[PDB]
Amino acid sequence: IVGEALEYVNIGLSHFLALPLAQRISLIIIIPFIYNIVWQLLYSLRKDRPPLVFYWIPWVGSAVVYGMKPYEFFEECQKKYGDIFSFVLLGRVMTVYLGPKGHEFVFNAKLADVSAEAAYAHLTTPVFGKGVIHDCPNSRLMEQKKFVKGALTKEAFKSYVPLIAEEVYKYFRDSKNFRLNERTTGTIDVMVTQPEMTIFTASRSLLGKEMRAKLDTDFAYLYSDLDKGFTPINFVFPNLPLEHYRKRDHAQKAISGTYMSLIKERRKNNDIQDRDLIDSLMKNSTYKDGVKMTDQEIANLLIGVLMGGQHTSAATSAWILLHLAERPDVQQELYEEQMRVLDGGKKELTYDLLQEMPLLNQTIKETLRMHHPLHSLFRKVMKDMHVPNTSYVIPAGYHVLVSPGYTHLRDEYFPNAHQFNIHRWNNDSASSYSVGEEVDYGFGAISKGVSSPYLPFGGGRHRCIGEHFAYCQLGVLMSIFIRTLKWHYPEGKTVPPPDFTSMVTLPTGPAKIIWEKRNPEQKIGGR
(Lines of atoms letter the chains of each structure in order from A and count residues from 1; the text may use other names and numbers.)
(Lines give C-alpha, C1' and ligand atoms only; values in the text may rest on other atoms or scores of the structure.)
Protein backbone atom coordinates (compact mmCIF):
# COMPACT_ATOMS: atom_id res chain seq x y z
CA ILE A 1 0.00 0.00 0.00
CA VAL A 2 1.21 3.47 -1.01
CA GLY A 3 -2.07 5.28 -0.36
CA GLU A 4 -0.34 6.01 2.94
CA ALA A 5 2.00 8.26 0.93
CA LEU A 6 -1.00 10.23 -0.34
CA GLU A 7 -2.09 10.68 3.28
CA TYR A 8 1.30 12.15 4.15
CA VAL A 9 1.10 14.48 1.15
CA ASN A 10 -2.09 15.92 2.63
CA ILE A 11 -0.47 16.00 6.08
CA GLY A 12 2.56 17.79 4.64
CA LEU A 13 0.41 20.34 2.83
CA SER A 14 -1.30 21.02 6.17
CA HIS A 15 2.06 21.49 7.91
CA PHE A 16 3.25 23.72 5.07
CA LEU A 17 0.31 26.05 5.70
CA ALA A 18 1.20 26.13 9.44
CA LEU A 19 4.74 27.44 8.85
CA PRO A 20 5.48 30.71 10.68
CA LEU A 21 5.26 33.83 8.52
CA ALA A 22 9.04 34.25 8.36
CA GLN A 23 9.39 30.84 6.70
CA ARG A 24 6.34 31.12 4.44
CA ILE A 25 7.78 34.40 3.13
CA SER A 26 11.24 32.82 3.01
CA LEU A 27 9.79 29.97 0.94
CA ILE A 28 7.88 32.51 -1.16
CA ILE A 29 11.23 33.64 -2.63
CA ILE A 30 13.16 30.39 -2.25
CA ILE A 31 10.65 28.28 -4.21
CA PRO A 32 10.45 30.42 -7.41
CA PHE A 33 14.20 31.10 -7.39
CA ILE A 34 14.90 27.35 -7.17
CA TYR A 35 12.29 26.35 -9.74
CA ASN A 36 13.51 29.06 -12.13
CA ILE A 37 17.03 27.59 -12.12
CA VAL A 38 15.62 24.06 -12.43
CA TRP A 39 13.57 25.14 -15.45
CA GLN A 40 16.55 26.72 -17.24
CA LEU A 41 18.58 23.51 -16.86
CA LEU A 42 15.78 21.44 -18.39
CA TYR A 43 15.33 24.06 -21.13
CA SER A 44 19.02 23.78 -22.08
CA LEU A 45 18.40 20.18 -23.18
CA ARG A 46 15.88 21.15 -25.88
CA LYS A 47 17.48 20.79 -29.30
CA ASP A 48 14.70 22.80 -31.02
CA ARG A 49 15.30 26.02 -29.04
CA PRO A 50 18.17 28.52 -29.31
CA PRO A 51 20.48 28.73 -26.30
CA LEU A 52 19.02 30.79 -23.45
CA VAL A 53 21.28 33.18 -21.55
CA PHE A 54 21.43 32.10 -17.92
CA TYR A 55 19.99 34.46 -15.30
CA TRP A 56 19.49 34.50 -11.52
CA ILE A 57 16.51 36.77 -10.79
CA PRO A 58 13.18 35.38 -12.10
CA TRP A 59 11.06 37.63 -14.34
CA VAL A 60 13.78 40.30 -14.49
CA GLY A 61 16.19 38.18 -16.55
CA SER A 62 19.09 39.92 -18.27
CA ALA A 63 17.22 43.24 -18.11
CA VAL A 64 20.01 45.10 -16.32
CA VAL A 65 22.96 44.23 -18.54
CA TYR A 66 20.83 44.48 -21.68
CA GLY A 67 19.36 47.81 -20.59
CA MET A 68 22.72 49.43 -19.87
CA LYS A 69 25.19 47.89 -22.36
CA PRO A 70 23.24 46.01 -25.04
CA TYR A 71 26.02 45.74 -27.65
CA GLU A 72 28.47 44.45 -25.05
CA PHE A 73 25.76 41.98 -24.01
CA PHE A 74 25.31 40.82 -27.61
CA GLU A 75 29.05 40.49 -28.24
CA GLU A 76 29.53 38.24 -25.23
CA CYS A 77 26.48 36.12 -26.01
CA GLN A 78 27.62 35.87 -29.63
CA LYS A 79 30.98 34.42 -28.53
CA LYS A 80 29.41 31.81 -26.23
CA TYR A 81 26.38 30.76 -28.29
CA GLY A 82 26.84 32.11 -31.82
CA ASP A 83 24.46 34.39 -33.69
CA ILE A 84 21.11 33.10 -32.30
CA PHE A 85 20.26 33.09 -28.61
CA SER A 86 17.37 33.93 -26.32
CA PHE A 87 17.30 35.93 -23.12
CA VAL A 88 14.63 36.82 -20.60
CA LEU A 89 13.65 40.48 -20.32
CA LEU A 90 11.14 41.70 -17.70
CA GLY A 91 8.77 38.77 -18.23
CA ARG A 92 9.42 38.32 -21.97
CA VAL A 93 11.65 35.87 -23.83
CA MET A 94 13.64 37.70 -26.52
CA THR A 95 15.28 35.70 -29.32
CA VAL A 96 18.18 37.59 -30.92
CA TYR A 97 19.46 36.87 -34.44
CA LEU A 98 22.65 38.88 -35.03
CA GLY A 99 24.13 39.73 -38.42
CA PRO A 100 22.71 40.04 -41.94
CA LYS A 101 20.92 36.67 -41.69
CA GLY A 102 19.10 38.07 -38.67
CA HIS A 103 18.16 41.17 -40.63
CA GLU A 104 16.66 38.85 -43.22
CA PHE A 105 14.91 36.67 -40.62
CA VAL A 106 13.23 39.53 -38.72
CA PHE A 107 12.84 42.39 -41.20
CA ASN A 108 11.53 40.10 -43.98
CA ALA A 109 9.47 37.88 -41.67
CA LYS A 110 6.00 37.12 -42.97
CA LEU A 111 3.13 39.30 -41.77
CA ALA A 112 1.38 36.30 -40.19
CA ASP A 113 4.57 35.25 -38.38
CA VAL A 114 5.41 38.44 -36.41
CA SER A 115 3.82 41.68 -35.25
CA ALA A 116 5.54 44.98 -34.56
CA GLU A 117 2.32 46.54 -33.26
CA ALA A 118 1.91 43.89 -30.54
CA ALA A 119 5.49 44.67 -29.43
CA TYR A 120 5.23 48.47 -29.46
CA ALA A 121 1.57 49.43 -28.88
CA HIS A 122 2.13 49.97 -25.15
CA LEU A 123 5.17 52.15 -25.86
CA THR A 124 3.61 54.56 -28.36
CA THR A 125 -0.19 54.57 -28.04
CA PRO A 126 -0.09 56.31 -24.59
CA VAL A 127 2.09 59.02 -26.14
CA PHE A 128 0.65 59.41 -29.63
CA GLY A 129 -3.03 58.67 -29.09
CA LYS A 130 -5.38 56.02 -30.35
CA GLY A 131 -6.07 54.84 -33.88
CA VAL A 132 -2.62 55.30 -35.49
CA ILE A 133 0.78 53.55 -35.87
CA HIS A 134 0.72 50.61 -33.46
CA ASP A 135 -2.90 51.12 -32.39
CA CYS A 136 -4.27 49.78 -35.69
CA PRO A 137 -3.96 46.79 -38.05
CA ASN A 138 -0.84 46.54 -40.21
CA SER A 139 -2.77 47.41 -43.38
CA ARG A 140 -3.82 50.72 -41.79
CA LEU A 141 -0.20 51.49 -40.79
CA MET A 142 0.95 50.67 -44.34
CA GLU A 143 -1.46 53.30 -45.68
CA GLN A 144 -0.59 55.89 -43.02
CA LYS A 145 3.01 55.50 -44.20
CA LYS A 146 1.79 56.08 -47.77
CA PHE A 147 -0.09 59.23 -46.68
CA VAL A 148 2.91 60.68 -44.86
CA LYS A 149 5.28 59.69 -47.68
CA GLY A 150 3.14 61.89 -49.95
CA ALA A 151 4.31 65.08 -48.30
CA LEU A 152 7.93 63.85 -48.54
CA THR A 153 8.55 64.34 -52.26
CA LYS A 154 11.54 65.88 -54.02
CA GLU A 155 9.54 69.05 -54.67
CA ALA A 156 8.56 69.24 -51.01
CA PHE A 157 12.25 69.06 -50.06
CA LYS A 158 12.91 71.86 -52.54
CA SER A 159 10.66 74.15 -50.52
CA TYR A 160 11.66 72.81 -47.08
CA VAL A 161 15.36 73.64 -47.55
CA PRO A 162 15.10 77.46 -47.43
CA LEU A 163 12.62 77.19 -44.51
CA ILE A 164 14.99 74.95 -42.54
CA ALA A 165 17.85 77.31 -43.34
CA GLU A 166 15.82 80.28 -42.06
CA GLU A 167 15.11 78.41 -38.81
CA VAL A 168 18.78 77.56 -38.26
CA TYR A 169 19.86 81.16 -38.86
CA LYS A 170 17.09 82.40 -36.56
CA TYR A 171 18.31 79.99 -33.88
CA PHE A 172 21.91 81.26 -34.28
CA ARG A 173 20.67 84.85 -33.95
CA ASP A 174 18.15 84.45 -31.13
CA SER A 175 19.04 81.47 -28.89
CA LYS A 176 20.86 82.16 -25.63
CA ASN A 177 23.14 79.30 -26.67
CA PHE A 178 24.56 81.33 -29.57
CA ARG A 179 23.56 85.01 -30.13
CA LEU A 180 26.00 85.31 -33.03
CA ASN A 181 25.38 89.05 -33.50
CA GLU A 182 26.72 89.77 -30.01
CA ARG A 183 29.02 86.81 -29.26
CA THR A 184 31.87 85.37 -31.32
CA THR A 185 32.61 82.31 -29.17
CA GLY A 186 30.70 80.27 -26.62
CA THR A 187 30.05 76.89 -25.05
CA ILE A 188 26.96 74.74 -25.69
CA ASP A 189 25.55 71.46 -24.48
CA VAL A 190 24.61 69.69 -27.71
CA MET A 191 21.83 67.80 -25.97
CA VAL A 192 20.27 71.18 -25.25
CA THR A 193 20.75 72.82 -28.64
CA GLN A 194 20.07 69.89 -30.99
CA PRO A 195 16.59 68.94 -29.66
CA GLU A 196 15.63 72.63 -29.88
CA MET A 197 16.99 73.14 -33.40
CA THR A 198 15.39 69.88 -34.46
CA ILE A 199 11.89 70.76 -33.23
CA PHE A 200 12.06 74.28 -34.72
CA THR A 201 13.17 73.02 -38.17
CA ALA A 202 10.82 70.03 -38.21
CA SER A 203 7.84 72.17 -37.08
CA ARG A 204 8.30 74.94 -39.64
CA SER A 205 8.63 72.56 -42.58
CA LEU A 206 6.34 69.63 -41.75
CA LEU A 207 3.75 71.39 -39.57
CA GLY A 208 3.85 74.90 -41.05
CA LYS A 209 4.24 78.44 -39.87
CA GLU A 210 1.30 78.43 -37.43
CA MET A 211 2.58 75.47 -35.41
CA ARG A 212 6.10 76.89 -35.57
CA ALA A 213 4.71 80.16 -34.20
CA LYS A 214 3.21 78.26 -31.25
CA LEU A 215 6.68 77.17 -30.23
CA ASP A 216 7.46 80.78 -29.25
CA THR A 217 4.80 80.55 -26.48
CA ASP A 218 4.16 78.62 -23.27
CA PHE A 219 2.68 75.98 -25.57
CA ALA A 220 6.27 74.75 -26.00
CA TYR A 221 6.04 73.40 -22.45
CA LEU A 222 3.43 70.90 -23.64
CA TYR A 223 5.93 69.45 -26.13
CA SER A 224 8.43 68.99 -23.29
CA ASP A 225 5.79 67.17 -21.20
CA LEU A 226 4.72 64.93 -24.08
CA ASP A 227 8.39 64.27 -24.87
CA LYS A 228 8.95 63.03 -21.32
CA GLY A 229 6.22 60.42 -21.76
CA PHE A 230 8.21 58.79 -24.59
CA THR A 231 10.28 56.51 -22.37
CA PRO A 232 11.03 52.76 -22.04
CA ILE A 233 9.16 52.73 -18.70
CA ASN A 234 5.95 52.47 -20.75
CA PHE A 235 6.95 48.86 -21.47
CA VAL A 236 6.37 48.18 -17.74
CA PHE A 237 4.30 51.09 -16.34
CA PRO A 238 2.31 52.60 -19.23
CA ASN A 239 -0.20 54.16 -16.81
CA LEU A 240 0.47 55.13 -13.20
CA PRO A 241 -1.43 57.69 -11.09
CA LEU A 242 1.48 60.16 -11.02
CA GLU A 243 2.13 63.68 -12.29
CA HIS A 244 4.44 62.37 -15.02
CA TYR A 245 1.61 60.37 -16.58
CA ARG A 246 -0.96 63.15 -16.19
CA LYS A 247 1.22 65.88 -17.70
CA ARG A 248 1.81 63.51 -20.63
CA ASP A 249 -1.89 62.77 -21.16
CA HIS A 250 -2.74 66.46 -20.81
CA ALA A 251 -0.07 67.33 -23.39
CA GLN A 252 -1.33 64.73 -25.87
CA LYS A 253 -4.84 66.18 -25.66
CA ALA A 254 -3.69 69.81 -25.75
CA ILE A 255 -1.26 69.27 -28.63
CA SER A 256 -3.60 67.15 -30.74
CA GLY A 257 -6.39 69.62 -30.01
CA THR A 258 -4.19 72.38 -31.41
CA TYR A 259 -3.58 70.38 -34.61
CA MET A 260 -7.30 69.62 -34.93
CA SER A 261 -8.15 73.29 -34.44
CA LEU A 262 -5.84 74.23 -37.33
CA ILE A 263 -7.23 71.43 -39.49
CA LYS A 264 -10.89 72.30 -38.96
CA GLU A 265 -10.04 75.97 -39.48
CA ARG A 266 -8.31 75.29 -42.83
CA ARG A 267 -11.19 73.26 -44.25
CA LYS A 268 -13.74 75.75 -42.91
CA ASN A 269 -11.99 78.35 -45.11
CA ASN A 270 -11.02 75.97 -47.96
CA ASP A 271 -7.46 77.08 -47.15
CA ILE A 272 -5.99 73.70 -48.08
CA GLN A 273 -2.80 74.03 -50.14
CA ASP A 274 0.48 72.13 -50.65
CA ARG A 275 2.55 73.75 -47.89
CA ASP A 276 3.14 71.18 -45.16
CA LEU A 277 2.21 67.71 -43.96
CA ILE A 278 -1.09 68.97 -42.53
CA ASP A 279 -2.37 70.05 -45.96
CA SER A 280 -1.18 66.75 -47.44
CA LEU A 281 -2.96 64.62 -44.84
CA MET A 282 -6.12 66.71 -45.25
CA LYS A 283 -6.24 65.87 -48.97
CA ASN A 284 -4.82 62.34 -48.89
CA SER A 285 -5.94 60.31 -45.88
CA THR A 286 -8.66 57.98 -47.21
CA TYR A 287 -7.96 54.28 -46.69
CA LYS A 288 -8.43 51.77 -49.50
CA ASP A 289 -11.72 50.47 -48.01
CA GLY A 290 -13.13 54.00 -48.23
CA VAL A 291 -12.75 54.88 -44.54
CA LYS A 292 -11.32 58.33 -43.90
CA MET A 293 -8.96 59.10 -41.03
CA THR A 294 -10.62 61.32 -38.47
CA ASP A 295 -9.19 64.69 -37.48
CA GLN A 296 -8.15 63.12 -34.18
CA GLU A 297 -6.27 60.32 -35.99
CA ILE A 298 -4.61 62.82 -38.33
CA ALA A 299 -3.47 64.82 -35.29
CA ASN A 300 -2.25 61.67 -33.51
CA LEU A 301 -0.33 60.64 -36.64
CA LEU A 302 1.36 64.06 -36.84
CA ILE A 303 2.39 63.68 -33.19
CA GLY A 304 3.86 60.23 -33.78
CA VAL A 305 5.78 61.19 -36.92
CA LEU A 306 7.14 64.40 -35.38
CA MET A 307 8.07 62.64 -32.13
CA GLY A 308 9.96 59.79 -33.80
CA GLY A 309 11.71 62.07 -36.27
CA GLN A 310 12.49 64.42 -33.37
CA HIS A 311 14.37 61.81 -31.35
CA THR A 312 16.32 60.09 -34.15
CA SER A 313 17.31 63.31 -35.89
CA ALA A 314 18.30 65.29 -32.81
CA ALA A 315 20.39 62.41 -31.51
CA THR A 316 22.09 62.14 -34.89
CA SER A 317 23.00 65.81 -35.24
CA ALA A 318 24.30 65.72 -31.66
CA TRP A 319 26.64 62.86 -32.64
CA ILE A 320 27.76 64.61 -35.81
CA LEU A 321 28.79 67.74 -33.86
CA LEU A 322 30.48 65.56 -31.24
CA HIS A 323 32.51 63.55 -33.77
CA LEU A 324 33.54 66.64 -35.70
CA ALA A 325 34.55 68.53 -32.51
CA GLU A 326 37.65 66.32 -32.33
CA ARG A 327 38.17 66.29 -36.13
CA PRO A 328 39.14 69.73 -37.42
CA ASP A 329 40.45 67.96 -40.54
CA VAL A 330 36.92 66.79 -41.38
CA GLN A 331 35.52 70.26 -40.62
CA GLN A 332 38.14 71.67 -42.99
CA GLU A 333 37.31 69.11 -45.71
CA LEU A 334 33.60 69.83 -45.35
CA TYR A 335 34.24 73.57 -45.41
CA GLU A 336 36.16 73.29 -48.71
CA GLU A 337 33.30 71.30 -50.24
CA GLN A 338 30.85 74.03 -49.18
CA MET A 339 33.03 76.72 -50.78
CA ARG A 340 33.26 74.77 -54.02
CA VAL A 341 29.63 73.72 -54.32
CA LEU A 342 28.21 77.10 -53.23
CA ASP A 343 30.76 79.25 -55.16
CA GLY A 344 32.34 80.74 -52.05
CA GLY A 345 28.95 81.27 -50.40
CA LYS A 346 27.49 83.37 -53.22
CA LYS A 347 25.07 80.53 -54.05
CA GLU A 348 22.00 79.95 -51.92
CA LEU A 349 21.71 76.44 -50.54
CA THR A 350 19.09 74.46 -52.46
CA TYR A 351 17.91 70.88 -52.27
CA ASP A 352 19.71 70.18 -55.56
CA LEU A 353 23.02 71.64 -54.35
CA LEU A 354 22.68 69.44 -51.23
CA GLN A 355 22.88 66.42 -53.53
CA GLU A 356 26.21 67.72 -54.88
CA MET A 357 27.79 67.64 -51.39
CA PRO A 358 28.96 64.02 -51.11
CA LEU A 359 31.32 64.51 -48.14
CA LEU A 360 28.58 66.18 -46.10
CA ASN A 361 26.24 63.26 -46.85
CA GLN A 362 28.96 60.68 -46.09
CA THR A 363 29.39 62.34 -42.68
CA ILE A 364 25.68 61.72 -41.92
CA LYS A 365 26.03 58.18 -43.29
CA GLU A 366 29.07 57.47 -41.11
CA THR A 367 27.42 58.94 -38.04
CA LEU A 368 24.41 56.71 -38.60
CA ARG A 369 26.78 53.75 -38.92
CA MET A 370 28.51 54.41 -35.61
CA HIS A 371 25.37 55.63 -33.81
CA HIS A 372 22.24 53.84 -34.98
CA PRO A 373 19.57 55.64 -32.91
CA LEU A 374 17.53 52.48 -32.29
CA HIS A 375 19.77 49.79 -30.90
CA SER A 376 17.11 47.04 -30.98
CA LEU A 377 13.98 46.48 -33.04
CA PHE A 378 11.37 44.03 -31.73
CA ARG A 379 8.59 41.85 -33.08
CA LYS A 380 6.22 39.61 -31.15
CA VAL A 381 6.11 36.11 -32.62
CA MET A 382 2.53 35.17 -33.52
CA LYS A 383 3.12 31.75 -35.16
CA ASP A 384 5.88 29.23 -34.53
CA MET A 385 8.80 30.03 -36.83
CA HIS A 386 11.50 27.68 -38.05
CA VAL A 387 14.98 29.22 -38.18
CA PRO A 388 16.36 28.12 -41.58
CA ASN A 389 19.37 25.78 -41.73
CA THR A 390 18.88 24.99 -38.04
CA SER A 391 16.67 22.82 -35.85
CA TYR A 392 15.45 25.89 -33.93
CA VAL A 393 11.77 26.73 -33.56
CA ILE A 394 10.82 30.12 -32.12
CA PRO A 395 7.38 29.49 -30.55
CA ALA A 396 4.52 31.95 -30.59
CA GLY A 397 4.65 34.32 -27.62
CA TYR A 398 8.37 34.86 -27.89
CA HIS A 399 9.76 38.11 -29.25
CA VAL A 400 12.42 38.41 -31.93
CA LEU A 401 15.03 41.14 -31.74
CA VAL A 402 17.13 42.47 -34.63
CA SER A 403 20.03 44.92 -34.17
CA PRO A 404 21.46 46.34 -37.40
CA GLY A 405 23.33 48.89 -35.27
CA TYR A 406 25.26 46.02 -33.73
CA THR A 407 26.39 44.84 -37.17
CA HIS A 408 27.39 48.42 -38.04
CA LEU A 409 30.08 48.12 -35.35
CA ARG A 410 31.57 44.78 -36.53
CA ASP A 411 35.05 44.89 -38.11
CA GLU A 412 34.00 41.95 -40.33
CA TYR A 413 31.63 44.25 -42.21
CA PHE A 414 33.23 47.68 -41.65
CA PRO A 415 37.02 47.59 -41.30
CA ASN A 416 38.14 49.41 -38.17
CA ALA A 417 34.50 49.78 -37.22
CA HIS A 418 35.12 51.90 -34.10
CA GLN A 419 36.93 54.62 -36.08
CA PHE A 420 34.89 57.47 -37.54
CA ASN A 421 35.88 57.78 -41.19
CA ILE A 422 33.61 59.47 -43.72
CA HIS A 423 35.84 58.32 -46.56
CA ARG A 424 34.84 54.72 -46.08
CA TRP A 425 31.80 55.89 -48.14
CA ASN A 426 33.77 57.44 -51.03
CA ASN A 427 31.82 56.93 -54.29
CA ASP A 428 28.81 55.82 -52.19
CA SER A 429 27.22 58.82 -50.49
CA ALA A 430 23.61 57.70 -50.98
CA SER A 431 21.64 57.48 -47.73
CA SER A 432 20.76 53.89 -48.80
CA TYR A 433 19.86 52.14 -52.04
CA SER A 434 18.29 48.84 -53.08
CA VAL A 435 20.97 46.54 -54.49
CA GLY A 436 18.43 44.65 -56.64
CA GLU A 437 14.79 43.59 -56.81
CA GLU A 438 12.04 45.66 -55.18
CA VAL A 439 8.68 45.12 -53.49
CA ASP A 440 5.74 47.30 -52.43
CA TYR A 441 3.99 46.76 -49.10
CA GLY A 442 1.67 49.74 -49.47
CA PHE A 443 3.91 52.82 -49.34
CA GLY A 444 6.24 52.53 -52.34
CA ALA A 445 8.73 50.11 -53.86
CA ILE A 446 11.61 49.35 -51.48
CA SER A 447 14.46 46.86 -51.56
CA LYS A 448 13.30 43.25 -51.45
CA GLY A 449 16.45 41.92 -49.80
CA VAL A 450 17.34 43.17 -46.34
CA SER A 451 20.69 41.47 -45.87
CA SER A 452 22.84 44.58 -46.29
CA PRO A 453 25.09 44.91 -43.21
CA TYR A 454 24.28 48.65 -43.21
CA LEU A 455 20.59 49.20 -42.38
CA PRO A 456 20.17 52.52 -40.60
CA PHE A 457 16.53 52.71 -41.75
CA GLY A 458 15.51 49.07 -41.27
CA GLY A 459 13.80 47.23 -44.10
CA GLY A 460 10.76 45.25 -45.07
CA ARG A 461 7.24 46.40 -44.28
CA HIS A 462 8.30 48.50 -41.26
CA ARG A 463 11.11 50.36 -43.05
CA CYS A 464 11.58 54.05 -42.29
CA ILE A 465 9.91 56.58 -44.55
CA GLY A 466 11.74 59.53 -42.98
CA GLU A 467 15.17 58.87 -44.46
CA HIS A 468 15.09 61.56 -47.14
CA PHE A 469 13.54 64.12 -44.80
CA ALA A 470 16.21 63.33 -42.21
CA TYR A 471 19.07 63.78 -44.72
CA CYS A 472 17.57 67.03 -46.01
CA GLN A 473 17.14 68.40 -42.47
CA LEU A 474 20.54 67.18 -41.24
CA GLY A 475 22.21 68.34 -44.44
CA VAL A 476 20.88 71.90 -44.22
CA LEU A 477 21.73 72.12 -40.51
CA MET A 478 25.28 70.82 -40.97
CA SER A 479 25.90 72.87 -44.11
CA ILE A 480 25.10 76.01 -42.08
CA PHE A 481 27.02 74.97 -38.98
CA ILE A 482 30.09 74.27 -41.13
CA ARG A 483 29.98 77.54 -43.07
CA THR A 484 29.32 79.61 -39.91
CA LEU A 485 31.27 77.98 -37.08
CA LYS A 486 34.33 75.98 -36.13
CA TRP A 487 34.09 74.01 -32.89
CA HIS A 488 36.18 71.87 -30.57
CA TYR A 489 36.09 70.17 -27.21
CA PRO A 490 36.91 71.71 -23.83
CA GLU A 491 40.39 70.57 -22.89
CA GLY A 492 40.59 66.90 -21.96
CA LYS A 493 37.06 66.07 -23.18
CA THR A 494 36.25 63.64 -25.99
CA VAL A 495 33.29 61.89 -27.65
CA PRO A 496 31.00 60.68 -24.84
CA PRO A 497 29.70 57.11 -24.62
CA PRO A 498 26.10 56.44 -25.66
CA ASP A 499 23.21 56.30 -23.19
CA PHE A 500 21.38 53.10 -24.10
CA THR A 501 18.64 53.29 -21.45
CA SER A 502 16.68 56.00 -23.28
CA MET A 503 14.42 55.66 -26.31
CA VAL A 504 17.31 56.43 -28.68
CA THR A 505 21.07 55.96 -28.24
CA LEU A 506 21.78 59.59 -27.47
CA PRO A 507 25.08 60.83 -26.01
CA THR A 508 25.66 60.71 -22.28
CA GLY A 509 25.34 64.22 -20.86
CA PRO A 510 26.66 66.71 -20.42
CA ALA A 511 28.26 66.88 -23.90
CA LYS A 512 29.69 70.37 -24.30
CA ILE A 513 31.48 71.83 -27.30
CA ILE A 514 33.07 75.26 -27.70
CA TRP A 515 32.14 77.15 -30.85
CA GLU A 516 33.74 80.16 -32.53
CA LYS A 517 32.50 82.20 -35.48
CA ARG A 518 34.45 81.74 -38.69
CA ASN A 519 33.60 85.36 -39.61
CA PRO A 520 33.37 87.24 -36.29
CA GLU A 521 31.90 90.29 -38.06
CA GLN A 522 29.17 88.29 -39.82
CA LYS A 523 25.74 89.56 -38.77
CA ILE A 524 22.44 87.71 -39.14
CA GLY A 525 19.72 90.10 -40.24
CA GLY A 526 15.98 90.28 -39.71
CA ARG A 527 13.98 91.26 -36.67
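Heads up: residue numbers just count along the shown sequence, starting at 1.
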Between the two ranges 151-159 and 262-270, the one averaging a larger CA B factor in the entry: 262-270
Residue range whose averaged C-alpha B-factor is higher in the record, 316-324 or 244-252: 244-252
Member of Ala470, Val60, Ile465, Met478 with the greatest C-alpha B factor (per the PDB record): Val60
Member of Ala116, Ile233, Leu277, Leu354 with the greatest C-alpha B factor (per the PDB record): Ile233
Third of chain Cα B-factors occupied by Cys77: highest
Relative C-alpha B-factor of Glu337, binned into the chain's lowest, middle or highest third: lowest
Among modelled residues of the same chain, the CA temperature factor third for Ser86: middle
For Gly459, the third of its chain into which the C-alpha B factor falls: lowest
CA B-factor placement of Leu349, once the chain's modelled residues are sorted into thirds: middle
